[PDB]
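Listed below, chain by chain, are the residues.
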Amino acid sequence: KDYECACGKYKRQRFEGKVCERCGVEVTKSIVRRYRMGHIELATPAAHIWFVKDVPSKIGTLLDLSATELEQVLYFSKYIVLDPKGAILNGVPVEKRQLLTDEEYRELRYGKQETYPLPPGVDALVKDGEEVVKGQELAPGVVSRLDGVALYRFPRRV
Amino acid sequence: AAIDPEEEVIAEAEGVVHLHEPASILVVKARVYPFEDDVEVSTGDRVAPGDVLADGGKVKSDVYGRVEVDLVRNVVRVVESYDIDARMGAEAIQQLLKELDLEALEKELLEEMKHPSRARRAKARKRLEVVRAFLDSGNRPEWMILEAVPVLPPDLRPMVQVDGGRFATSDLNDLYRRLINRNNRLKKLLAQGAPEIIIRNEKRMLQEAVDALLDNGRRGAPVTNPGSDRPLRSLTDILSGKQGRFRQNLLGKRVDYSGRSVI
Amino acid sequence: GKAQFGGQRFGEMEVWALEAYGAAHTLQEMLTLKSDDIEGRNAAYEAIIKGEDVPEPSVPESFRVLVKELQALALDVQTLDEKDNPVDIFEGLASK
Amino acid sequence: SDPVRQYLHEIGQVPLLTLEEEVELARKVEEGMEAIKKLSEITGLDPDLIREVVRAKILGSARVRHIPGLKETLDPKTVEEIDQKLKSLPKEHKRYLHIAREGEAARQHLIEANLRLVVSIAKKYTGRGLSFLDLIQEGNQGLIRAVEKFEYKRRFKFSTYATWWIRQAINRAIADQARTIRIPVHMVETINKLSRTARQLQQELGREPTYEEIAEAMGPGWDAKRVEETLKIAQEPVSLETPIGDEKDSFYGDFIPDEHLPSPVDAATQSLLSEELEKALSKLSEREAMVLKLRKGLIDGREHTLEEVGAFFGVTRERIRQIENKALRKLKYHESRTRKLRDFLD
RNA sequence: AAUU
DNA sequence: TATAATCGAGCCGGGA
DNA sequence: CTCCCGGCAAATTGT
Ligand SMILES: [Zn+2]
């Protein structure tokens, strides 16, 4: 309402510019509700769709990223590498602005491992802590797919 | 150890222990570094070859990896893996956009302008036109990514009581609400340390909420009010088309002092 | 529409007619005092009931709507004078 | 290309837990919280601050941000200081750090392993005003709650405890977010009750029930007036962009007058009135014109009592009543003479 | 859906 | 707050 | 080529 704060402490134009302490509302023309903007502070930055999806994409064009690549990074289908930190994948070093899948990112970032179920009652051939080559037999029916340290999960019998 | 004092296994006398019939065997590609005294790195820490692990500096790591401190096996595992920086979403892109030296890219692209192949010169031009746009204008490319999202003044998206005391409201209010809800939930999930799968889902949903707000239907299925097939009317829809702001309220208007009748 | 006591639509093609006649002041009236120029239409009515000539128009409110809608899209639209300095068409109401 | 399908694929990349694995993680989490409690005692550091620092190192450098309840800004400077103070503990104390660390790690894994549970619960609550993915995230929020409260000792499977927390979380979301005009959860509860009841009444009566019939069916406290007021409150707004019949060439908002901004006539009329009112008040003494302005609210917007006007001009409540009537009488005289203000009475 |  | 529950359901022109 | 997005007369009325 014109020159009237929310709670009504200051109700006329003698106060113009006052900000009511109780209710917090400015005394001015109500017309400003057509003019004054608010804003939302995002937790994560978000891309403006015009500069993504308007072809040829402006963001894609500056960064030399195709339509498909830019979609995949923006919509969380693929990682893009900012700093390889000496990473290497499949024998070749990971270079910046390279796209990694989830499996590729997890293997790089958290390492590669595998867990092998043991047929009920069957006891292991190798012992806990023992280094194992790929292809080596863990149990009568269990063969390891990768090199590394074998670890016992839940011993049923001590 | 067990739930109740009984059923516990307490050692009857002096002896040595052997483990049998494990449920599964976990093969990890990792290095094991046993330690007699105290360990200086705690579990989860990231480590490069040469970093000190336990026993005041005696034992150190041979590989790049992630620290697993085993208090049972009394060994410090290092799981082979790197401190690699790889990101998803608009945050990654905002970073790559900040890290653009447009001056350099103009130079690089001009050198590309001397190449004989027609396609080489053509693409370098289109890129160079975008580069030059930003250069001449003074706009920073990272502005194509939003951090603060503007909110249109309320009287332009009104909530008004119609004649019958009923309420009528603009579709933008619902589009903002989806945004606000998803942003707030994202803040909460961050403070509560949700797993990356959950935080990632929230982030991609946040992008879609911004997308529907700015241009609904542009990417992916259009956002609708419940139990209606009508796409909500977004900012882009308001501006453009026959019914848009330009061709409806700007290049033509309804006017006062006017009338009509049969001739 | 008649049921709302409406005004007639003076649409794009009608504006073309006023343009082809070169009737610039007639056209400006359609775009401001007889439509969405709030300050203008109020002042124009007051002048007619007082016998004065109608005043020169002000900014159409629908342009202000356009400006704010482009701000909601994170686009900065600035009305500038010949010196390329900003002109405030909101008359201080929208600036802190 | 489909956000739901995508999420379904990512959850399917975390294998479900074995009975053993479930207990191990749940166990490590409980033990880990206990470790953080002790680290509080030993160090004298807020349990939450310790928990956030432990959690920071587990999740990695990726997530570092300010946490609300915490008094200190949480940044690598403070997390190194606090982590370095924790690593400054003697071996028997420093063991609790390793436990807390493994607790956070196990919690992450426990949560991730139950995400498919949330999906199967969320799919049943669709169509109530939240999108499928919105329901999943709120359900996930509950799943996070369940992991913190779970007591593994009771030997119940996790799915049993979580389901309560997940259902609770989704239902709060629907009650909290589904309406453009937000309604308190309890009020939302009443409305749904009123709906269910009427649906029963219509199924037995073979026709729509009256307000009175619903008020009886609702029990004590309810009459028809309250049934009606409740339904009025339950009305959702309608879109200004709803298309009107014919071609899609007209929206509903276009038929709604603006009742707020004065019309050209009104602007003219009110302005002319303000000007004639002042012409008559300057023809009063300053002292007797100011009293009338204070009493009718033309100054400050409030109509002041007789006692208050006495305090500002420092006179008696009866004196102020007297100058108002003589002021108003003199005003009345100038009016009968100039006929200026008569036409504004409509 | 009408009128021109 | 504790049985257990664990992956959805119109024709047309122009430009990358 | 194929696909993906942008266009596709005006004013008026009526339930
Ligand atoms: Zn106030």
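Residues numbered from 1 in each chain as written, not as in the entry; some residues may be left out. Chains lettered and ligands numbered in written order. Part of a larger assembly, values for the part shown. Heavy atoms only, no water. Residues with missing side-chain atoms left out of burial classes, pairs and counts.

The record names X-ray crystallography as the way this model was obtained, at a resolution of 2.920 Å.

*Asks:* Any details on the overall build of chain C? Residues and values, ideally.
*Replies:* When you go through chain C residue by residue, the secondary structure sums to four helices and three strands. Reading chain C from its N end, one meets helices and strands in the order β-α-α-α-α-β-β. For 96 residues, the compact-globule estimate of 2.2 N^0.38 gives 12 Å, and chain C exceeds it by more than 25% at 16 Å. Projected onto its principal axes, the C-alpha positions of chain C cover 40 × 35 × 35 Å. (Helix = DSSP H or I, 4+ residues; strand = E, 2+ residues; numbered from the N terminus. Rg over C-alpha atoms; globule rule 2.2 N^0.38 Å.)

*Asks:* An account of a nonpolar patch on the surface is needed here, citing residue identities and associated values.
*Replies:* On the surface, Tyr-257 of chain B together with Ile-48, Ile-49 and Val-54 of chain C cluster together into a nonpolar patch covering about 400 Å² of accessible area. With respect to the secondary-structure elements, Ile-48 of chain C resides in helix α3 (residues 38–50). Using a relative accessible area of 48% as the deciding quantity, one classes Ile-48 of chain C as partly exposed. (Patch = residues over 30% accessible without salt bridge, like charges linked within 9 Å, V, L, I, M, F, W, Y side chains within 5 Å. Areas by Shrake-Rupley, 256 points an atom, 1.4 Å probe, with all protein chains shown as cover. Salt bridge = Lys/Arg side-chain N within 4 Å of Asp/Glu carboxyl O. Buried < 20%, exposed > 50% of the residue type's maximum accessible area, 1.4 Å probe, protein only.)

*Asks:* Which residues make up the sheet that holds strand β2 (residues 79–83) of chain A, and what values go with them?
*Replies:* The three strands lie next to each other as β5(A)-β2(A)-β9(B), forming an open sheet whose pairing is antiparallel. If you trace the sheet from one side to the other, it starts and ends with β5 (99–100) of chain A together with β9 (85–87) of chain B, each paired once. Judged from the two bridges that link them, β2 of chain A and β5 of chain A form a sheet pairing that is antiparallel. Directly across from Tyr-79 of chain A, in β5 of chain A, lies its bridge partner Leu-100 of chain A. (Pairing = 2+ DSSP bridges.)

*Asks:* Could you give me a rundown of a positive patch on the surface, with the residues and numbers involved?
*Replies:* Residues and elements named next belong to chain D. A cluster of basic side chains, namely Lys-193, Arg-196, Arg-199 and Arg-226, defines a positive patch on the protein surface. The leading source of residues in the positive patch is helix α9 (residues 185–205), at three residues. Take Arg-199: it is sitting in helix α9. Taking relative accessible area as the criterion, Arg-199 reaches 57% and is therefore assigned exposed. (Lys, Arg positive; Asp, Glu negative; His and termini not counted. Charge placed at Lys NZ, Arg CZ, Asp CG, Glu CD.)

*Asks:* Provide a residue-level description of the protein's contact with DNA strand G, including the pertinent values.
*Replies:* In the vicinity of DNA strand G, 13 residues are found, and the nearest of them are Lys-242 and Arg-254 of chain B, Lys-2 and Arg-9 of chain C together with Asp-246 of chain D. A share of 87% of the atoms of DNA strand G within 4 Å of the protein falls on sugar and phosphate groups. A distance of 3.1 Å separates a phosphate oxygen of DNA strand G from a polar atom in the side chain of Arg-247 of chain B. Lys-2 of chain C places a main-chain nitrogen or oxygen 3.0 Å from a phosphate oxygen of DNA strand G. (Near = heavy atom within 4 Å. Polar contact = N/O pair within 3.5 Å; in protein donor to acceptor, adjacent residues only side chain to side chain.)

*Asks:* Can you tell me about the interface of chain B and chain D, naming the residues and giving the values?
*Replies:* The interface of chain B with chain D comprises 56 residues on the first partner and 65 residues on the second. Contributions of two or more residues to the side of chain B that touches chain D are made by β7 (65–70), β11 (159–161), β12 (167–169), α4 (171–191) and α5 (196–214) of chain B. The greatest single-element share of the side of chain B that touches chain D, amounting to 11 residues, is contributed by α4 of chain B. Among the residues forming the side of chain B that touches chain D, the class breakdown is 22 nonpolar, 12 polar and 22 charged. Looking at chain direction, β12 of chain B and strand β1 (residues 238–239) of chain D are connected through two bridges and run parallel. From the neighbouring strand, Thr-169 of chain B faces β1 of chain D, where its bridge partner is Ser-239 of chain D. (Contact = heavy atoms within 4.5 Å. Nonpolar A, V, L, I, M, F, W, Y, C, P; charged D, E, K, R; others polar.)

*Asks:* An account of the environment of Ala-6 of chain A is requested, with residue identities and associated values reported.
*Replies:* Residues and elements named next belong to chain A. Here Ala-6 lies in the segment before β1 (38–47). Using a relative accessible area of 54% as the deciding quantity, one classes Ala-6 as exposed. Put simply, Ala-6 and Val-158 are 152 residues apart on the chain and 74 Å apart in space, counted from C-alpha to C-alpha.

*Asks:* Tell me what's going on with the interface of chain B and chain A, and back it up with residues and numbers.
*Replies:* Listed per partner, the contact involves 81 residues of chain B and 86 residues of chain A. Buried area between chain B and chain A, both sides added, is near 8300 Å², and the carbon and sulfur share of it is 63%. Among the residues chain B hides against chain A, the three largest losses belong to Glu-21, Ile-25 and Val-27 of chain B. Together they make up 10% of the total. Taken together, chain B and chain A are joined by eight salt bridges. (Buried area = accessible area lost by both parts, 1.4 Å probe.)

*Asks:* Give me the lowdown on the sheet that holds β12 of chain B, citing residues and values where you can.
*Replies:* Taking strand neighbours across the sheet as the criterion, the three strands line up as β11(B)-β12(B)-β1(D) in an open arrangement whose pairing is mixed. Sheet topology places β11 of chain B together with β1 of chain D at the edges, where each strand pairs with a single neighbour. Note: β11 of chain B against β12 of chain B, three bridges, orientation antiparallel. What sits directly across from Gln-161 of chain B, in β12 of chain B, is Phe-167 of chain B.

*Asks:* How would you summarise the coordination of the zinc ion if you had to cite specific residues and measurements?
*Replies:* Ideal geometry at a metal centre gives angles of 109.5 degrees when four donors are arranged tetrahedrally and 90 or 180 degrees when six donors are arranged octahedrally. Residues and elements named next belong to chain A. Within the protein, the atoms that donate to the zinc ion are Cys-5 (SG), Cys-7 (SG), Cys-20 (SG) and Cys-23 (SG), at distances of 2.0 to 2.5 Å. Every donor counted, the four donor atoms about the zinc ion form angles of 89 to 127° at the centre, which fits tetrahedral coordination. Spacing between the donor residues of the zinc ion along the chain follows C-x1-C-x12-C-x2-C. Highlighted residues: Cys-7 in the segment before β1 and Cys-20 in the segment before β1, separated in sequence by 13 residues. (Donors = N, O, S within 2.8 Å, 3.2 Å for Na, K, Ca; no water. Tetrahedral: all angles 85-135°; square planar, octahedral: opposite > 155°, others 65-115°.)

*Asks:* Can you explain the nonpolar core? Please cite residues and give values.
*Replies:* If you look at the biggest cluster of nonpolar residues, it comprises 71 residues, and the most contacted ones within it are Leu-172, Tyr-176, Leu-179, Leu-213 and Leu-214 of chain B together with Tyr-7 and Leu-143 of chain D. Looking at this core element by element, the count peaks at 10 residues for α5 of chain B. Among the nonpolar cores identified, the runner-up in size contains 28 residues, and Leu-62, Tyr-75 and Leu-82 of chain A together with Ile-145 of chain B belong to it. (Core = buried A, V, L, I, M, F, W, Y, C linked by side-chain atoms within 4.5 Å.)

*Asks:* Would you mind going over the pattern of salt bridges in detail, with residue names and values included?
*Replies:* Residues and elements named next belong to chain D. In total, this model carries 83 salt bridges over all chains according to the counting rule given. A salt bridge links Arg-107 to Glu-104; its shortest N-O distance comes to 3.6 Å. Linking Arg-107 with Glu-104, this pair stays in helix α5 (residues 91–113), spanning three residues, or about one helical turn. With its nearest N and O atoms 3.5 Å apart, the salt bridge here joins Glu-288 to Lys-326.

*Asks:* Requested: an account of the packing of aromatic side chains, with residues and values cited.
*Replies:* Throughout the structure, instances matching the rule amount to 10 aromatic pairs over all chains. On the basis of an interplanar angle of 50° and a centroid distance of 5.4 Å, the ring pair of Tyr-64 of chain B and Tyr-82 of chain B is categorised as tilted. Of this pair, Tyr-64 of chain B sits in the loop between β6 (59–60) and β7 while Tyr-82 of chain B is found in the loop between β8 (75–80) and β9, placing the two residues 18 residues apart along the sequence. By relative accessible area, which is 19% here, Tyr-82 of chain B ends up buried. Summarising the aromatic geometry, the rings of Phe-150 of chain D and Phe-158 of chain D are spaced 5.1 Å apart at their centres and angled 90° between planes, so their arrangement reads as edge-to-face. For the residue pair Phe-150 of chain D and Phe-158 of chain D, the accessibility class agrees, reading buried in each case. Of the aromatic side chains, those joined through ring pairs into one cluster are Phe-150, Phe-158, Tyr-161, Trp-164 and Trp-165 of chain D. Just above the ring of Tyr-75 of chain A sits the side chain of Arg-219 of chain B; from NZ or CZ to the centre is 3.5 Å. Over the ring of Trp-222 of chain D we find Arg-226 of chain D; its NZ or CZ atom is 3.7 Å from the centre of that ring. (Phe/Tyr/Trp six-rings, centres within 6.5 Å; stacked < 30°, edge-to-face > 60°. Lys NZ or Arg CZ within 6 Å of the ring centre and 35° of its normal.)

*Asks:* Any chance you could break down the pairing of strand β10 (residues 145–151) of chain B for me, citing the residues and the numbers?
*Replies:* Among the seven residues that make up β10 of chain B, five are buried, leaving the element largely enclosed by the rest of the structure. Pairing analysis gives six bridges linking β1 of chain A to β10 of chain B, with the strands arranged antiparallel. Each bridged residue has a counterpart across the sheet, and for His-39 of chain A the counterpart in β10 of chain B is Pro-150 of chain B.

*Asks:* Would you mind going over the packing of helix α1 (residues 3–11) of chain D against helix α6 (residues 115–122) of chain D in detail, with residue names and values included?
*Replies:* All names here are of chain D. Where α1 meets α6, the closest approach of the two axes is 9 Å, and the angle between their N-to-C directions is 145°. The interaxial crossing formed by α1 with α6 has left-handed handedness. For the pair α1 and α6, the contacting residues are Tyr-7, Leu-8 and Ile-11 in the first and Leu-115, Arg-116 and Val-119 in the second. Among the residues forming the contact of α1 with α6, the class breakdown is five nonpolar, no polar and one charged. (Axes fitted to C-alpha atoms, helices over the stretch in contact; angles between N-to-C directions. Left-handed = near helix turned anticlockwise from the far one by under 90°.)

*Asks:* So what's going on with unusual backbone geometry? Residues and values would help.
*Replies:* For the peptide bond that leads from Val-55 of chain A to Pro-56 of chain A, omega is -5°, which places it in the cis range. Locating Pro-56 of chain A in the fold gives a position in the loop between α1 (50–53) and α2 (58–63). For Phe-76 of chain A, which is not a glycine, the phi torsion comes out positive at approximately 65°. Residue placement: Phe-76 of chain A occurs in the loop between α3 (67–74) and β2. Taking relative accessible area as the criterion, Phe-76 of chain A reaches 5% and is therefore assigned buried. Positioned with a positive phi, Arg-155 of chain D is a non-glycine residue whose angle comes to about 70°. Tracing the backbone shows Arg-155 of chain D in the loop between α7 (132–149) and α8 (158–177). Relative accessible area serves as the criterion here: at 52%, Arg-155 of chain D is assigned to the exposed category.

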